Structure formats: C-alpha cells, structure tokens
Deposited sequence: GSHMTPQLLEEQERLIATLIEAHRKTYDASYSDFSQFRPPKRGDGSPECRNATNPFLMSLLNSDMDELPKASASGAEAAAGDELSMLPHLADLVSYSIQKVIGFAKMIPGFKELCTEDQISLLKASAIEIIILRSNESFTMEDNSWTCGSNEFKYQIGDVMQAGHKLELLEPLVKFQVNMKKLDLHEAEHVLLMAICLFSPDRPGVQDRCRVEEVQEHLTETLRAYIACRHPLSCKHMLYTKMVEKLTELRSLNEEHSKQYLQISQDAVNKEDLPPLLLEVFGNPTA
C-alpha cells in the first residue's frame, strides 16, 4: 500500500543518508585530540564536522534547495543539534552506553561529555533518549524520514515561507504513516506513529537545554580557541 512516489522518496533519503554518514569514522583522527573543559576541543570539532554532514543531508531532501537561503539557514539553526542527536544513534551502543566511533579512543560516554562543560540536566536525558531510540528499533527508512521531518518543522523561528515548509512536512509524514501501516500490520498504526513523534518532542527539550548550557560554555571559552566558527554561527556567539 506504499505508493511509487513514497517508495522513491524513502529511497532518495536513504541514498542521501548513506552518502553523508560515514560508519568507518575515518576523519576522527583529524579532529583535535581528546583529553580526559578538557574534552571541548575534540567534541566541538566533532559537532562542527557533523553539522556539515547534516547540511549535506538537507540539500538532498527534495524541496529544501528550493527554499530561500534565509529559510534554510533558520531551519538548520533550529534543528542542527536535534539531527546530530538522532543520527548519533548509529554509533550508540547499550552494551556500555557509549557512542563508539571505530575504536576505543573515539568512544564517548556521559563523563567525557561533562569534560566538555555540559551538565546532568542535559546528559542524563540525552543518554535516556539514546537508549530508548535503540529500543524503538527503527528501520532505515523510519530513521531517515525522522531526520527529514525534524528539519522541515514550519514552526521554527525565522521561517518565512511557512506554507511551503508545512507542505514538505505533510509529504514527509504521509510517507511515514504509509510505511508504518504496511511494514507493521500487527501493531496499532496510531500507536507506532505516536511513539516516534514523541521522540521529536523530546528532541526539542534536549535542544532548549543544550542551548542554555552552550550560552555559558561559549561565554566561558570566549578567549580560548575552543569553539570553531561553524558552531558559533549555528549555536550562538557571545
């Protein structure tokens, strides 16, 4: 019951995600080295890397490049951390509640991310998010529709053409529902779709809390060389 166009869309997004996500984690050797705000330079380098991948991903979702430049920028700045948190589930493992990226030297757990200045009000819900998304056990297509739907939120600050944005989300979400209804015939379709948008709501709270702590981290690391230009454009600059 999945239309040919919904099947093509899912296919496009899976192609986009594979091109902009690198499960060999081979550029990690290039970031500044981890140290165990001692982990800020490495973790900052990582998010600045990752944001660029998110931008690569965006540009390949149909109808995003067709947006005006200011809309794209306001969409990226609203959801950039939320999409990094989603896509990071790929490297997350419940075997020790870490993000592990090719080797144990690039293995991040809740403690390493407090040596980058963050606090329990974000980290604890962060790892609970990671564990619970794992238990969702999403198919590759559900994963990538979620990252796209989280980007095409017409309610973000600064969005000028909200009608166009809602149309793309409409399309995105109709396709998600259809997939759930086909692929999971034994579950309540309403129940499955709700458990996924619920994650989108918890991504907004993770994002507000991250925003809050970043303000003070960046102010703290203002004279040091710790934050790279891209994070400053995305998250703020004091």
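Discussion item. In sequence order, which parts of the deposited sequence are missing C-alpha coordinates?
Written reply: Several stretches lack coordinates - namely 1 to 6, 43 to 83, 286 to 287, in sequence order.
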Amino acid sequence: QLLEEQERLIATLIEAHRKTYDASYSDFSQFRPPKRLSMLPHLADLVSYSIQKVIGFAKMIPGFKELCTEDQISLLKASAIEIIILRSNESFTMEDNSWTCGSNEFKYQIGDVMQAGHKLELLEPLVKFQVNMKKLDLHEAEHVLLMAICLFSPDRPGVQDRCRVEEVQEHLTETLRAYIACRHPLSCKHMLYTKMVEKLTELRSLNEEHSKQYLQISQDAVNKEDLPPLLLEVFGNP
From here on, numbers count along this sequence of modelled residues.
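Worksheet item: Hey, which bit's got the bigger mean C-alpha B factor in the entry, 72 to 80 or 161 to 169?
Response: The deposited B-factors put 161 to 169 ahead on the C-alpha mean.
Discussion item. If you average the CA temperature factors as listed in the entry, which stretch comes out higher, 141 to 149 or 103 to 111?
Written reply: Result of the comparison: 103 to 111.
Worksheet item: Which one of 180, 55, 203, 188 shows the biggest C-alpha B-factor in the PDB entry?
Response: Answer, based on the entry's C-alpha B-factors: 188.
Item to complete: Select lowest, middle or highest to describe the third in which the CA B-factor of residue 175 falls within its chain in this entry.
Response: Ranked within chain, residue 175 CA B lands in the lowest tercile.
Item to complete: Pull the Cα B-factor of residue 11 out of the PDB entry and bin it into the chain's lowest, middle or highest third.
Response: Answer is middle: the recorded C-alpha B-factor places it there.
Worksheet item: Where does residue 30 sit by CA temperature factor within its chain: lowest, middle or highest third?
Response: Residue 30: CA B-factor falls in the middle third of its chain.
Practice prompt. Could you tell me which third, lowest, middle or highest, the C-alpha B-factor of residue 37 occupies within its chain?
Written response: Highest third.
Discussion item. Please say which third, lowest, middle or highest, residue 59 falls into when its CA temperature factor is compared across its chain.
Written reply: Lowest third - that is where residue 59 ends up once the chain's C-alpha B-factors are sorted.
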